[PDB]
Amino acid sequence: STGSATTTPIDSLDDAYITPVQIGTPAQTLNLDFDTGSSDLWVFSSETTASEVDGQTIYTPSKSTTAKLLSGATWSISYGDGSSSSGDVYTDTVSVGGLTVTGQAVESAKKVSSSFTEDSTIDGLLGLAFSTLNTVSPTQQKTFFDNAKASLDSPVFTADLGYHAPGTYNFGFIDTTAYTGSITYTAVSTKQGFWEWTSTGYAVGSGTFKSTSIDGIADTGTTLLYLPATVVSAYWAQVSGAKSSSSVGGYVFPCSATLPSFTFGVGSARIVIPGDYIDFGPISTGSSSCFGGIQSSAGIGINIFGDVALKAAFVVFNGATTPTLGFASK
């Protein structure tokens, strides 16, 4: 089997991407944030504290003839941005782009933190990291991908995120028309439960490539590119007037600037992030200070190849017995 679904930016800045997901019988379609940095499929629901729901579409398990309470199971998750959610668990039928999994754990939120409430466009998350990070207790549950894997034509999914435009998540096949040149594959460590890999270096604009190993994670659920302070300083030094602002919470730059590109290495291959992908617009409405899309990972504890990086590539998440990651230009 295969599946193919379009993923759509939630706003004009590509702060996140939503993908429609069918849950239950008859189908209830929710727009979920596909997140290769976590492993829980959780939804706003009829059980979510009413004051914490503000415009989201909810899953109502009592209206699904295939929903079953997973007795005694609870979940609770905290994300790198400080947001969180928790609740109980149902199993139900879940379909993505024509690919159907029966008996998928659908984690129903009883509580969500303010940032989720405040984002009306995201009805929940669909985790695509390794199932070892799933938070369901006392019986850990599998991701949608893990459940689908054996039925797939090939045990892979691909992320093709757009810049200010829709893109695609495919399951079970590689669309050879969706990228240019060849796909370069690179080793993955699953030791921390992430799609963790080592970039071979970077360049700023038309500058020379610096060969240096940068361990980090391919994370579709993080907006920006978080890299070591040395790398980030070298990037922003090429933008007149750019500075790190403790009050704003990162590097800012004059909105009048033209940003240089940023290249990262995948083996001997190179992925070029155009300068415009690095512009996240005014820090506040009407400001001439703009927020940068490359930020320091210092104090996160891990480097994160988030959407800024991933949307410059066609990315293969290869879930073979030994997982790997592939990157192509597009």
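The numbers here are math on the coordinates, done by the rules we state, and not lab data. Cβ atoms come from the backbone with ideal geometry, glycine included; neighbour counts cover every protein chain shown.
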Residue in the range 84-121 that is surrounded by the fewest Cβ atoms within 10 Å (Cβ to Cβ), counting only those that are in contact with a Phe, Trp or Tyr (Cβ under 7 Å, 6 or more places away or on another chain) and free of Cβ contacts under 8 Å to residues at least 60 places away in the same chain: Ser86
Quick one: would you say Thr93 is assigned to a loop (DSSP other than H, G, I, E, B) and hydroxyl-bearing (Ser, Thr, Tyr)? no
Go through the range 10-24 and count every residue that is small (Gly, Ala, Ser) and farther than 12 Å from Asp119 by Cβ. 2
Exclusive hit being free of Cβ contacts under 8 Å to residues at least 60 places away in the same chain and outside any strand (DSSP E or B), set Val252, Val248, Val232: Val248
Where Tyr185 falls short, out of the listed (1) over 20 Å from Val272 (Cβ atoms); (2) surrounded by 13 or more Cβ atoms within 10 Å (Cβ to Cβ); (3) hydroxyl-bearing (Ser, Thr, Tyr): (1)
Quick test for you: out of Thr212, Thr222, pick the one residue that is hydroxyl-bearing (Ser, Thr, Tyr), closer than 22 Å to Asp307 by Cα and in contact (Cβ under 8 Å) with a residue 60 or more places away in the chain. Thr222
Conditions: (1) in contact (Cβ under 8 Å) with a residue 12 or more places away in the chain; (2) exposed (fewer than 14 other Cβ atoms within 10 Å of the Cβ). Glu52 meets all but one. Number of the miss? (2)
Selection count, the range 3-53, where residues are assigned to a strand (DSSP E or B) and farther than 20 Å from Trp195 by Cβ: 15
Listing of strands (runs of 3 or more DSSP E) fully contained in the range 138-220 that carry 3 or more residues being under 27 Å from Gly124 (Cα atoms): 156-160, 167-171, 210-218
